[PDB]
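Each remark here refers to the structure printed beneath this line.
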Protein chains: 2
Amino acid sequence: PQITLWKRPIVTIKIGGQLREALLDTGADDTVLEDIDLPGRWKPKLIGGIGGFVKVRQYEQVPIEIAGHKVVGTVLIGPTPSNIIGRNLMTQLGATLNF
Amino acid sequence: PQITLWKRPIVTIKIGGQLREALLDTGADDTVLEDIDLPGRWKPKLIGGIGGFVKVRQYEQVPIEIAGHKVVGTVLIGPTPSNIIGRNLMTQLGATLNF
């Protein structure tokens, strides 16, 4: 799709059989979702850092559908003030900013 | 331009005769720049809020050039971990996310 920026660019995502929403955030390096579970192995990762780091769980090679488009990539599960799709998945979408 | 998302989408800006850089941030409602001065009247604005709000100065109807494209809009001046171009100016650019 072509998404204008008059509103926050919130899209529907499907991940691990869970239907959720998330913000397409070009100011985020990584994807962070709070309200899901994922199976199998993970690795600890520290995010944030201003006033302290937050420990989250890094899940690799995760199949995720974003606004109807299926991709694979890294998903961090842990606290976040909003679900965020970061550049790591937007590059898998082929997503560009255009003006 | 067409900007891919393999790196942070940092662009050159020109504002009030000052050449600077800033991140095109679709996860930001507003534009916030730290390292500039602007002339004339402003209004106080509170931003942030998690752990407390930060007071900044809102400047209205500011002419700003973003990656060579001249627009007009609101600019907040005050502390920010990085200079940010938010959706308020990206709508003035006609900027879309496309995939």
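Letters A, B, ... mark the chains of the structure tokens in the order given; residue numbers begin at 1 per chain; ligand numbers begin at 1, in order shown.
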
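Using only C-alpha atoms, the chain A residues found within 9 Å of chain B amount to residues 1, 2, 3, 4, 5, 6, 7, 8, 9, 23, 24, 25, 26, 27, 28, 29, 69, 84, 87, 88, 90, 91, 93, 94, 95, 96, 97, 98 and 99 of chain A.
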
The selected residues should be written to file as a CSV table (one decimal), in the first residue's frame (atoms: N, CA, C and O atoms).
chain,number,residue,atom,x,y,z
A,1,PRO,N,0.8,-1.2,0.0
A,1,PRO,CA,0.0,0.0,0.0
A,1,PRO,C,0.8,1.3,0.0
A,1,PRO,O,2.0,1.3,0.1
A,2,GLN,N,0.1,2.4,-0.2
A,2,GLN,CA,0.7,3.8,0.0
A,2,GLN,C,0.0,4.3,1.2
A,2,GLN,O,-1.2,4.5,1.2
A,3,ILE,N,0.8,4.7,2.2
A,3,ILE,CA,0.3,5.2,3.5
A,3,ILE,C,0.7,6.6,3.7
A,3,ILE,O,1.9,6.9,3.7
A,4,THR,N,-0.3,7.5,3.8
A,4,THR,CA,-0.1,8.9,4.1
A,4,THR,C,0.2,9.1,5.6
A,4,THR,O,0.0,8.1,6.4
A,5,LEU,N,0.6,10.3,6.0
A,5,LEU,CA,1.1,10.5,7.4
A,5,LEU,C,0.3,11.5,8.2
A,5,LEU,O,0.8,11.9,9.2
A,6,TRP,N,-0.9,11.8,7.7
A,6,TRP,CA,-1.9,12.6,8.4
A,6,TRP,C,-2.2,12.1,9.8
A,6,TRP,O,-2.6,12.8,10.7
A,7,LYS,N,-2.3,10.7,9.9
A,7,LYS,CA,-2.5,10.0,11.1
A,7,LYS,C,-1.3,9.1,11.5
A,7,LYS,O,-0.5,8.8,10.6
A,8,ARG,N,-1.2,8.6,12.7
A,8,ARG,CA,-0.1,7.6,13.0
A,8,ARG,C,-0.3,6.4,12.2
A,8,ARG,O,-1.5,5.9,12.0
A,9,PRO,N,0.7,5.9,11.5
A,9,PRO,CA,0.7,4.8,10.6
A,9,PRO,C,0.6,3.4,11.2
A,9,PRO,O,1.6,2.7,11.3
A,23,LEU,N,2.7,0.2,15.1
A,23,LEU,CA,3.0,1.5,14.4
A,23,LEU,C,4.2,1.3,13.5
A,23,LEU,O,5.3,0.8,14.0
A,24,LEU,N,4.1,1.7,12.2
A,24,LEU,CA,5.3,1.7,11.3
A,24,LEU,C,6.2,2.8,11.6
A,24,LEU,O,5.8,4.0,11.4
A,25,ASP,N,7.3,2.6,12.2
A,25,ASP,CA,8.2,3.6,12.9
A,25,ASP,C,9.6,3.6,12.2
A,25,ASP,O,10.5,2.9,12.6
A,26,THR,N,9.7,4.6,11.3
A,26,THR,CA,11.1,4.8,10.6
A,26,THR,C,12.1,5.3,11.6
A,26,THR,O,13.3,5.2,11.2
A,27,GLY,N,11.7,5.8,12.8
A,27,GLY,CA,12.7,6.2,13.8
A,27,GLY,C,13.1,5.1,14.8
A,27,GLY,O,13.7,5.3,15.7
A,28,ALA,N,12.6,3.8,14.5
A,28,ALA,CA,13.0,2.6,15.3
A,28,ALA,C,13.9,1.7,14.5
A,28,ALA,O,13.5,1.3,13.4
A,29,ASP,N,15.0,1.3,15.1
A,29,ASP,CA,15.9,0.3,14.4
A,29,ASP,C,15.3,-1.1,14.4
A,29,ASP,O,15.4,-1.7,13.3
A,69,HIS,N,1.1,-8.4,4.0
A,69,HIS,CA,2.4,-8.8,3.4
A,69,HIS,C,3.2,-9.6,4.3
A,69,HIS,O,3.5,-9.2,5.4
A,84,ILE,N,5.7,-1.5,17.9
A,84,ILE,CA,6.5,-0.8,16.9
A,84,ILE,C,7.0,-1.8,15.9
A,84,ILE,O,7.7,-2.8,16.3
A,87,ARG,N,12.7,-0.6,11.3
A,87,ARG,CA,13.3,-0.6,10.0
A,87,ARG,C,13.7,-2.1,9.7
A,87,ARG,O,13.8,-2.4,8.5
A,88,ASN,N,14.0,-2.9,10.7
A,88,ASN,CA,14.5,-4.3,10.4
A,88,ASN,C,13.4,-5.1,9.6
A,88,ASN,O,13.8,-5.9,8.7
A,90,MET,N,10.7,-3.3,8.0
A,90,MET,CA,10.3,-2.5,6.9
A,90,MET,C,11.3,-2.8,5.7
A,90,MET,O,10.8,-2.7,4.6
A,91,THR,N,12.5,-3.1,5.9
A,91,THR,CA,13.5,-3.4,4.8
A,91,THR,C,13.0,-4.8,4.2
A,91,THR,O,13.1,-4.9,3.0
A,93,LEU,N,9.9,-5.7,3.9
A,93,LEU,CA,8.7,-5.3,3.2
A,93,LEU,C,9.1,-4.7,1.8
A,93,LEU,O,8.2,-4.5,1.0
A,94,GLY,N,10.3,-4.2,1.7
A,94,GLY,CA,10.7,-3.3,0.6
A,94,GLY,C,10.1,-1.9,0.8
A,94,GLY,O,9.9,-1.3,-0.3
A,95,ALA,N,9.8,-1.5,2.0
A,95,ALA,CA,9.2,-0.2,2.3
A,95,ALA,C,10.1,1.0,2.0
A,95,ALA,O,11.3,0.9,2.5
A,96,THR,N,9.6,2.0,1.4
A,96,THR,CA,10.4,3.2,1.2
A,96,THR,C,9.6,4.4,1.7
A,96,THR,O,8.4,4.4,1.6
A,97,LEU,N,10.3,5.5,2.1
A,97,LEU,CA,9.7,6.9,2.2
A,97,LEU,C,9.9,7.6,0.9
A,97,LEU,O,11.0,7.6,0.3
A,98,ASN,N,8.8,8.2,0.4
A,98,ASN,CA,8.7,8.8,-1.0
A,98,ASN,C,8.2,10.2,-0.8
A,98,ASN,O,7.1,10.4,-0.2
A,99,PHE,N,8.9,11.2,-1.4
A,99,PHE,CA,8.3,12.6,-1.6
A,99,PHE,C,9.0,13.3,-2.8
A,99,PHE,O,8.6,14.4,-3.1

Q) Can you list, as a list in words, every protein, DNA or RNA residue that comes within 8 Å of residue 56 of chain B when you count only C-alpha atoms, leaving out same-chain residues fewer than 4 positions away? A) residues 44, 45, 46, 47, 76, 77, 78 and 79 of chain B

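Closest approach to residue 32 of chain B among B:66, B:15, B:54, B:75 is made by B:75 (distances from only C-alpha atoms).
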
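Picture a line from atom CA of residue 48 of chain B to atom CA of residue 61 of chain B; it runs 22.4 Å.
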
Q: Return as an MDAnalysis selection string the full set of residues in chain A whose backbone-based DSSP assignment is helix (DSSP H, G or I).
A: chainID A and resid 87:93

Q. Counting only C-alpha atoms, what is within 10 Å of residue 39 of chain A, bar same-chain residues fewer than 4 positions away, as a list in words?
A. residues 16, 59 and 62 of chain A

Q) In Å, how far is it from atom CA of residue 36 of chain A to atom CA of residue 68 of chain A? A)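 These atoms are spaced 18.4 Å apart.
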
For segment 12-14 of chain B, list every protein, DNA or RNA residue within 9 Å, evaluated using only C-alpha atoms, and leave out those in the same chain fewer than 6 positions away; present the list as a PDB file with N, CA and C atoms, in the first residue's frame.
ATOM      1  N   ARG B  20      21.605  21.688   8.986  1.00  0.00           N
ATOM      2  CA  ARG B  20      21.600  20.691  10.079  1.00  0.00           C
ATOM      3  C   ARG B  20      21.202  19.345   9.477  1.00  0.00           C
ATOM      4  N   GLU B  21      21.139  18.336  10.330  1.00  0.00           N
ATOM      5  CA  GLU B  21      20.634  16.996   9.930  1.00  0.00           C
ATOM      6  C   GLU B  21      19.475  16.609  10.821  1.00  0.00           C
ATOM      7  N   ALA B  22      18.599  15.703  10.314  1.00  0.00           N
ATOM      8  CA  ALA B  22      17.517  15.272  11.200  1.00  0.00           C
ATOM      9  C   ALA B  22      17.033  13.916  10.647  1.00  0.00           C
ATOM     10  N   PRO B  63       9.541  28.415   7.767  1.00  0.00           N
ATOM     11  CA  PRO B  63      10.037  27.864   6.506  1.00  0.00           C
ATOM     12  C   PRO B  63      11.261  26.974   6.730  1.00  0.00           C
ATOM     13  N   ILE B  64      11.165  25.736   6.198  1.00  0.00           N
ATOM     14  CA  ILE B  64      12.258  24.765   6.435  1.00  0.00           C
ATOM     15  C   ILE B  64      12.446  23.999   5.118  1.00  0.00           C
ATOM     16  N   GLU B  65      13.687  23.712   4.772  1.00  0.00           N
ATOM     17  CA  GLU B  65      14.020  22.909   3.559  1.00  0.00           C
ATOM     18  C   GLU B  65      14.505  21.537   4.033  1.00  0.00           C
ATOM     19  N   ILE B  66      13.844  20.501   3.526  1.00  0.00           N
ATOM     20  CA  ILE B  66      14.130  19.108   3.951  1.00  0.00           C
ATOM     21  C   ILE B  66      14.581  18.346   2.688  1.00  0.00           C
ATOM     22  N   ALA B  67      15.826  17.835   2.667  1.00  0.00           N
ATOM     23  CA  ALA B  67      16.363  17.141   1.489  1.00  0.00           C
ATOM     24  C   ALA B  67      16.043  17.913   0.214  1.00  0.00           C
ATOM     25  N   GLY B  68      16.168  19.232   0.248  1.00  0.00           N
ATOM     26  CA  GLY B  68      15.964  20.082  -0.955  1.00  0.00           C
ATOM     27  C   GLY B  68      14.540  20.529  -1.220  1.00  0.00           C
ATOM     28  N   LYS B  70      11.211  22.594  -0.009  1.00  0.00           N
ATOM     29  CA  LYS B  70      10.812  23.701   0.889  1.00  0.00           C
ATOM     30  C   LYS B  70       9.375  23.469   1.344  1.00  0.00           C
TER      31      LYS B  70
END

Q: Return as a PyMOL selection string the full set of residues in chain B whose backbone-based DSSP assignment is strand (DSSP E or B).
A: chain B and resi 2-3+10-15+18-24+32-33+43-49+52-66+69-77+84-85+96-98

Q.
Rounded to one decimal, what separation in Å do you get between atom CA of residue 38 of chain A and atom CA of residue 52 of chain A?
A.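 Computing it gives 25.7 Å between the two atoms.
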